[PDB]
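Here the structure is laid out as structure tokens; the discussion comes afterwards.
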Amino acid sequence: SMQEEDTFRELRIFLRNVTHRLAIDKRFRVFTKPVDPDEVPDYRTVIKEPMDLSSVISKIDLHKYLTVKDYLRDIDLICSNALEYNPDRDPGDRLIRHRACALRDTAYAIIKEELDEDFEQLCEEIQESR
Ligand SMILES: O=C(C1CCC1)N1C[C@@H]2C[C@H]3C[C@@H](O)[C@@H](O)[C@]2(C1)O3
């Protein structure tokens with residue numbers, strides 16, 4: 001229905017605004033672009049599904065997310081990719097891991113404060129009907 005297409009349009013507006021707020025935070029610069037294949041040729045042998053905030057915006061605009069739960073699966077993949085590639089005790093790996101945990105926690109805290117639970121449940125029930 002047109003009412004259902006208006007629901008998904010409001011979801012995309014909400015997701016673009018959360019993603020912009022994460023992308024402008026200086027802590028999260030390292031997550032705003034893909035890990036570059038030239039500079040790190042090893043990366044794509046270890047990490048089988050790369051993800052970053054530029055790819056997330058492109059996915060919003062391609063209508064890949066019908067719920068906030070499917071958006072948070074990609075924010076969780078950004079964070080778990082960084083924990084698995086950079087697991088060592090040295091300061092450069094510990095700094096990346098602390099930033100990855102902060103990007104995940106910050107996304108979940110904005111959603112807990114600003115997403116209406118009945119709006120999410122509506123998106124879930126339209127998705128489950130299709
Ligand atoms: O995992 C990441 C991203 C950082 C947030 C996630 N990288 C892997 C490389 C290791 C480290 C040092 C450079 O080699 C640079 O390319 C990366 C980027 O930083």
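The chains in the structure tokens are called A, B, ... from first to last as shown; in each chain the residues are counted from 1, and the ligands are counted from 1 in the order shown.
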Quick one: which chain A residues come within 6 Å of ligand 1, and what is the nearest atom pair for each with the distance in Å to one decimal, counting only C-alpha atoms and all ligand atoms, rows ordered by chain and ascending number, as a tab-separated table?
```
residue	atom	partner	partner_atom_place_in_ligand_line	distance
A:30	CA	ligand 1	5 (C)	4.5
A:31	CA	ligand 1	5 (C)	5.2
A:35	CA	ligand 1	18 (C)	5.4
A:40	CA	ligand 1	16 (O)	5.6
A:82	CA	ligand 1	6 (C)	4.7
A:85	CA	ligand 1	1 (O)	5.9
A:96	CA	ligand 1	5 (C)	5.6
```
- [ ] From a DSSP calculation on the backbone, collect every residue of stretch 28-112 of chain A in alpha helix (DSSP H) and output the set as a ChimeraX atom specification.
- [x] /A:43-46,53-61,68-85,91-112
- [ ] Could you check which of A:14, A:65, A:28, A:8 is closest to residue A:95, using only C-alpha atoms?
- [x]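 Closest candidate: A:28.
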List as CSV every residue of stretch 19-112 of chain A that is in contact with stretch 120-128 of chain A, defined as an atom at most 8 Å from one of its atoms (using only C-alpha atoms), together with the nearest atom pair and the distance in Å rounded to one decimal, sorted by chain and then rising number.
```
residue,atom,partner,partner_atom,distance
A:66,CA,A:123,CA,6.5
A:67,CA,A:123,CA,5.6
A:68,CA,A:120,CA,6.7
```
Using only N, CA, C and O atoms, please write the residues we just selected to a file, as a compact mmCIF listing (two decimals), in the first residue's frame.
```
# COMPACT_ATOMS: atom_id res chain seq x y z
N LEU A 66 14.79 -2.99 5.38
CA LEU A 66 13.33 -2.82 5.65
C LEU A 66 13.08 -2.68 7.14
O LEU A 66 11.96 -2.24 7.50
N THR A 67 14.08 -2.97 7.99
CA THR A 67 13.94 -2.84 9.44
C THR A 67 15.21 -2.23 10.06
O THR A 67 16.30 -2.34 9.41
N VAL A 68 15.12 -1.69 11.25
CA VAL A 68 16.35 -1.23 11.98
C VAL A 68 17.16 -2.46 12.34
O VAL A 68 18.43 -2.37 12.36
```
Task: Point-to-point distance in Å for atom CA of residue A:106 and atom CA of residue A:6 - done: 27.2 Å
Open item on the list: Nearest residue to residue A:43 out of A:80, A:86, A:118, A:72, using only C-alpha atoms?
Closed with: A:86
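Nearest-residue note for residue A:105: choosing from A:13, A:56, A:32, A:22, the minimum distance belongs to A:22, counting only C-alpha atoms.
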Open item on the list: Let me make sure I understand: among A:111, A:62, A:78, A:23, which one has the smallest atom-to-atom distance to residue A:49 if we use only C-alpha atoms?
Closed with: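 When distances to residue A:49 are compared using only C-alpha atoms, the smallest one comes from A:78.
Distances here use only C-alpha atoms; by that measure, the residue among A:93, A:61, A:88, A:117 closest to residue A:15 is A:61.
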TODO: Have a look at atom CA of residue A:48 and atom CA of residue A:73 and let me know their distance in Å, one decimal.
DONE: 15.2 Å
TODO: State, in Å with one decimal place, the distance from atom CA of residue A:50 to atom CA of residue A:83.
DONE: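 Distance between the two atoms: 12.7 Å.
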Open item on the list: Show me, as a PyMOL selection string, the residues that have an atom within 12 Å of residue A:29 when counting only C-alpha atoms, minus same-chain residues fewer than 5 positions from it.
Closed with: chain A and resi 20-24+34-35+52-54+96+99-100+103
Selection from above, N, CA, C and O atoms, as a PDB file, in the first residue's frame, can you write it?
```pdb
ATOM      1  N   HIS A  20      24.916   9.523   9.243  1.00  0.00           N
ATOM      2  CA  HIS A  20      25.684  10.789   9.126  1.00  0.00           C
ATOM      3  C   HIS A  20      26.302  11.158  10.462  1.00  0.00           C
ATOM      4  O   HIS A  20      27.486  11.600  10.495  1.00  0.00           O
ATOM      5  N   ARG A  21      25.595  11.044  11.564  1.00  0.00           N
ATOM      6  CA  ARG A  21      26.089  11.416  12.904  1.00  0.00           C
ATOM      7  C   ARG A  21      27.294  10.516  13.266  1.00  0.00           C
ATOM      8  O   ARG A  21      28.271  10.984  13.905  1.00  0.00           O
ATOM      9  N   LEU A  22      27.299   9.237  12.901  1.00  0.00           N
ATOM     10  CA  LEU A  22      28.451   8.334  13.144  1.00  0.00           C
ATOM     11  C   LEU A  22      29.581   8.770  12.230  1.00  0.00           C
ATOM     12  O   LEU A  22      30.791   8.844  12.672  1.00  0.00           O
ATOM     13  N   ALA A  23      29.356   9.045  10.955  1.00  0.00           N
ATOM     14  CA  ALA A  23      30.407   9.313   9.939  1.00  0.00           C
ATOM     15  C   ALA A  23      31.193  10.599  10.198  1.00  0.00           C
ATOM     16  O   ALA A  23      32.375  10.643   9.750  1.00  0.00           O
ATOM     17  N   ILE A  24      30.593  11.573  10.859  1.00  0.00           N
ATOM     18  CA  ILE A  24      31.281  12.878  11.138  1.00  0.00           C
ATOM     19  C   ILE A  24      32.064  12.765  12.429  1.00  0.00           C
ATOM     20  O   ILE A  24      32.832  13.765  12.756  1.00  0.00           O
ATOM     21  N   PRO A  34      36.099   1.790   2.672  1.00  0.00           N
ATOM     22  CA  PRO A  34      36.622   0.426   2.655  1.00  0.00           C
ATOM     23  C   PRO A  34      38.122   0.404   2.985  1.00  0.00           C
ATOM     24  O   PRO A  34      38.828   1.357   2.661  1.00  0.00           O
ATOM     25  N   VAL A  35      38.580  -0.652   3.658  1.00  0.00           N
ATOM     26  CA  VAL A  35      40.035  -0.962   3.777  1.00  0.00           C
ATOM     27  C   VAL A  35      40.551  -1.173   2.344  1.00  0.00           C
ATOM     28  O   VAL A  35      39.955  -2.004   1.634  1.00  0.00           O
ATOM     29  N   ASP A  52      31.569  -0.936   5.617  1.00  0.00           N
ATOM     30  CA  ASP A  52      31.997   0.421   6.073  1.00  0.00           C
ATOM     31  C   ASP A  52      30.815   1.366   5.967  1.00  0.00           C
ATOM     32  O   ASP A  52      29.763   1.003   5.322  1.00  0.00           O
ATOM     33  N   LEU A  53      30.898   2.589   6.521  1.00  0.00           N
ATOM     34  CA  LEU A  53      29.738   3.515   6.581  1.00  0.00           C
ATOM     35  C   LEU A  53      29.318   4.080   5.186  1.00  0.00           C
ATOM     36  O   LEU A  53      28.149   4.375   4.982  1.00  0.00           O
ATOM     37  N   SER A  54      30.258   4.224   4.245  1.00  0.00           N
ATOM     38  CA  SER A  54      29.928   4.650   2.857  1.00  0.00           C
ATOM     39  C   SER A  54      29.064   3.573   2.181  1.00  0.00           C
ATOM     40  O   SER A  54      28.052   3.921   1.519  1.00  0.00           O
ATOM     41  N   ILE A  96      42.171   0.557  17.604  1.00  0.00           N
ATOM     42  CA  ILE A  96      41.116   0.178  16.609  1.00  0.00           C
ATOM     43  C   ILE A  96      39.975  -0.544  17.326  1.00  0.00           C
ATOM     44  O   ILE A  96      38.781  -0.223  17.034  1.00  0.00           O
ATOM     45  N   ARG A  99      37.783   1.838  19.381  1.00  0.00           N
ATOM     46  CA  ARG A  99      36.980   2.670  18.471  1.00  0.00           C
ATOM     47  C   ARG A  99      35.832   1.785  17.936  1.00  0.00           C
ATOM     48  O   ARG A  99      34.695   2.375  17.754  1.00  0.00           O
ATOM     49  N   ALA A 100      36.092   0.560  17.504  1.00  0.00           N
ATOM     50  CA  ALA A 100      35.029  -0.325  16.926  1.00  0.00           C
ATOM     51  C   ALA A 100      33.963  -0.531  17.950  1.00  0.00           C
ATOM     52  O   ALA A 100      32.716  -0.503  17.583  1.00  0.00           O
ATOM     53  N   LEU A 103      31.841   2.625  18.218  1.00  0.00           N
ATOM     54  CA  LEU A 103      30.949   2.835  17.043  1.00  0.00           C
ATOM     55  C   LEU A 103      29.711   1.964  17.314  1.00  0.00           C
ATOM     56  O   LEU A 103      28.517   2.519  17.181  1.00  0.00           O
TER      57      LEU A 103
END
```
